[PDB]
Amino acid sequence: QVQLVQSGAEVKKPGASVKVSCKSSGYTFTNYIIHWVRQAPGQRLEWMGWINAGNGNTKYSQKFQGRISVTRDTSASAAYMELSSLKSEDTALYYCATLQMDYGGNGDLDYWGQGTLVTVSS
Amino acid sequence: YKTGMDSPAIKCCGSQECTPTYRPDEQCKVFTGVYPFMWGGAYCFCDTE
Amino acid sequence: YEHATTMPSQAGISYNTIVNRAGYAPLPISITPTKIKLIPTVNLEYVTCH
Amino acid sequence: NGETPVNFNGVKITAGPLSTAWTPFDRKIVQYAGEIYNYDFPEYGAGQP
Amino acid sequence: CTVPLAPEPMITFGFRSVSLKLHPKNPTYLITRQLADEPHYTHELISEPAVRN
Amino acid sequence: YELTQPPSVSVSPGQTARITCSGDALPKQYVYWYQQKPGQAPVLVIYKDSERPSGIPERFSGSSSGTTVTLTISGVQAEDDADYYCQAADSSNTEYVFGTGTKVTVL
Amino acid sequence: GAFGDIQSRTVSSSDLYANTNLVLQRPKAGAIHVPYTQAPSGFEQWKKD
Amino acid sequence: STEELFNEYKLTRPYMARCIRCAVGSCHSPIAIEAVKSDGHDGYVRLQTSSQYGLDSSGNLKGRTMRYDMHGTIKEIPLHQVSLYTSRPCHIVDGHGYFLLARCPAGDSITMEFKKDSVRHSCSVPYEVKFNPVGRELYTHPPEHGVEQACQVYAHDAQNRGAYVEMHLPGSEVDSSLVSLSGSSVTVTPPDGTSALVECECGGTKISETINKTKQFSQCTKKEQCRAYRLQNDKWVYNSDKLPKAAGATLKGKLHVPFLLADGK
Amino acid sequence: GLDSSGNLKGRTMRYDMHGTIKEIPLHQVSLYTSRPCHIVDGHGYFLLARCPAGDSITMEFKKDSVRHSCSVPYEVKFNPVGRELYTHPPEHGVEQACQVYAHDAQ
Amino acid sequence: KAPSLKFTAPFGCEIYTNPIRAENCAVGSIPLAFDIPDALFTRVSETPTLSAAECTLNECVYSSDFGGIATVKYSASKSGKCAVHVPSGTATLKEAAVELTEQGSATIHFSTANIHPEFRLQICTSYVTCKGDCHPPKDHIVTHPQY
Ligand SMILES: *[C@@H]1O[C@H](CO)[C@@H](O)[C@H](O)[C@H]1NC(C)=O
């Protein structure tokens, strides 16, 4: 099987930067793109961007400029997404998207991670 | 006479067998190790066999 | 032990012989010339072209 | 050549000399396009138009 | 470069004899030699169908 | 650029249901239908715009006509309630866009 | 290569006896074609002489 | 003529076949010559060509037109823009379907040429063309006068006689132009409204027949790794030996041979 | 290989006309010996072409309305490879070693 | 030019270049001088000794190849290897050595030009006398030289 493991849920005061890691394994990991997707509780899924883990190339959403910054390392085989300038609306669940099946590319993303929950302290 | 020829049957990374002869002077042959090359690039992605 | 045999210089044809001793078992010798070459020594006198 | 032994496992083999001195090439030969011709070419400085 | 390949000669065997029936498409060279002390080589150019013993 | 989708639908159990998604660049793009059970991550239910993966129940089907795509569930059970999204890409084939989602209601 | 190399009982008959030394050759590298070799038509040869 | 003669030729497509001498080198020509028949008498030959005659790229009759396959697109030219010659210039009498009736002198080969946009397309094949005199006077150019004698000539009629050739299901033709490369990822975008069987041998074998619009196969790094055959299989093609064969039952009908050899004076 | 200015071009023939150097694309230049010849390439003063056998060779082109032609009685030869005498290269056969004017300008 | 040497050479020589060679000329004979150490030699006691052997020519055609089979019935002292050979030039043996068991029959392929062959087949120690009749072969012409 293929495993995608992220860090546990944590709380940050708005105005800081949130760091979320995403380790991945189980397939021909030389060329697979990992997608970061954000979901508000009971709202639409929002695709923020993707990272080509093998090559290192990154792509972000149109309305995600500068505030978003994703990166990876070869040794740990893990994405290292960084999102600076948190807000109250940023409270949401974050998921990694990658495909278990053997076709690859757009849309086809079978197995997801458990996600990381970001909120504001009560 | 007119020597008719069937279009070649090409198999990439594979093997084929000769169909029994049923036509006047008909005969078949399987050539192994071909790399057919159509107008749109190489036909097979398979160097041999 | 010394032997002096003679075989035809026909390539690709095996040639079998037996050696016999007064108090030893006969032994077989098979020689197969796969290729016999004749290489003369040549001196380049000159070179001619159009 | 009669002179040279070949040795293996204590066995010595002394092949030669060849019975016949016949050769296909004559004294003067010509090489062209990977083929050999028995040609009586003129000597250097003695070519003719 | 690719050179043509003449049609296979039609060979009939007899006692110390070989008869070749030849049907060339282009003027084709037939070369022949004995594997003996006297090759007696023949070298012919054949354009029309021929039978050579 | 956005893929319009109805907010929610209600269909009685044992009855086929339609989920419709639309887009401007849809006729030259592939729809991926994603089903999400609340509390955990979504699971792909339809890929390649027409045929389901292995293990998905056979009641799911999908088709594309013009600028619209429809996902049909034959004989909806109680376990078919979840977020249903249509996923595609931007007209420039560079931005991934998800659908709004349909809250299918099963009694 | 001679008259009657191919033979049909009548003009409209579905039978045909053919004997033309049709021989299939190996295709040229990177080419999709059926290279064959056979004796030239015997009817044309008979017409010539 | 109407459409009675072309009823079976409107279900067929031109094809691109290998030519051994095509302007520069050996290539895949749109006018590859399959056979040249010169058994008639007064220097009339019947060529069989990969291109098609008498009808336009859309499939409708146009009087004197050669439609040819060019990298998957059927294009057109007037028949007067095509040149034929064996040792001296030939003259094209007519063309029907895959066949062309021309008047040629004797020669050791035959060459067919035309220029469409900017490049010159040529195919020269080593098929001997013979001129056969009629009677007991061995002329080379037909006389201006004399006496009428019976002869066999390739007639200028395309009517349905007893001769036929087969039409078959075309084999899948590979197209490497479909496979492009996004950032370290192959992507196959088939022609608009046409399928493309992607046969691919990256980590994990891929057989993706049903791609219609686009598909990115991110498992692959380089274009040369794996292929995208172009599936059309709607128009049937002649059973040429210079095309791949489609699997299964392939025969689909019969095409009548026009310009058959006929009696005259 | 290059134009009148002295800059590399793809397939261009430049010629002297009454003191001034002019240029013309190579596809407007025709060549024939007894049948039309096909030009493979050109470089400097030299031109590589594919020509049938003939007793003379003629080179023509047309600039404005005047046809510039030059015919010379230099025999052009066709040399079959092997022991089968053909006048046009076969579509298939067997590969044999030959010597051909290579299409390179090294 | 006239044909090259590869087409006009006597004795079936094959002419090659780089270097200029003539290969497989069927002329002359090679004299071989052998100096064999006594280590390879085995005493008569060590080798099996043959007894009660009879040779039958169950098939013979005097063809160029090995067109004859000889079956020898043997009752040997022990298993081993026998240097089977014909000292005479009547027949040429395909096998220079044959496996030997305690009791049984051994088949040997031989080629002879004699219509009525009769030779002395030599085995490990015995000298069996083998006789029979041979018959003309099918093929008028073959593609190998006579053995
Ligand atoms: C010798 O040639 C004749 C014709 O020239 C032919 O009939 C005959 O068959 C040939 N010999 C043999 C043994 O075939």
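Chain J residue numbers are taken from Swiss-Prot; in order, the displayed residues are 1059-1205.
Cβ atoms are placed via backbone N, Cα and C, with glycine included.
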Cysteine paired with J:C1140, where Swiss-Prot records a disulfide bond, from J:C1182, J:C1188, J:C1192: J:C1182
Per Swiss-Prot, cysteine bonded by disulfide to J:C1118 (from J:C1188, J:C1192): J:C1192
Within reach of chain D, those disulfide-bonded residues of J:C1071, J:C1118, J:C1192, CB-CB under 8 Å: J:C1071
Short-range disulfide-bonded residues relative to chain H, from J:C1071, J:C1118, J:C1140, J:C1182, J:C1188, J:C1192, with Cβ separation under 8 Å: none
Listed disulfide-bonded residues (J:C1140, J:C1188, J:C1192), ranked by Cβ neighbours within 10 Å, top entry: J:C1140
Under 8 Å by Cβ from J:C1118 (disulfide bond), counting only residues of that chain that are 6 or more apart: J:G1125, J:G1126, J:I1127, J:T1170, J:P1175, J:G1190, J:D1191, J:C1192, J:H1193
Among J:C1071, J:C1083, J:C1113, J:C1182, the one of these disulfide-bonded residues whose Cβ has the fewest neighbouring Cβ atoms within 10 Å: J:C1113
Subset of disulfide-bonded residues J:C1083, J:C1113, J:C1118, J:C1182, J:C1188, J:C1192 within reach of chain C (CB-CB under 8 A): J:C1083, J:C1182
Cα separation, J:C1113 (disulfide bond) to J:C1140 (disulfide bond) (Å, whole number): 15
Where J:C1071 (disulfide bond) falls in three-state DSSP terms: coil
Conformational class of J:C1188 (disulfide bond) under the three-state DSSP mapping: strand
Cα-Cα distance linking J:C1071 (disulfide bond) and J:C1113 (disulfide bond), given in Å to the nearest integer: 41
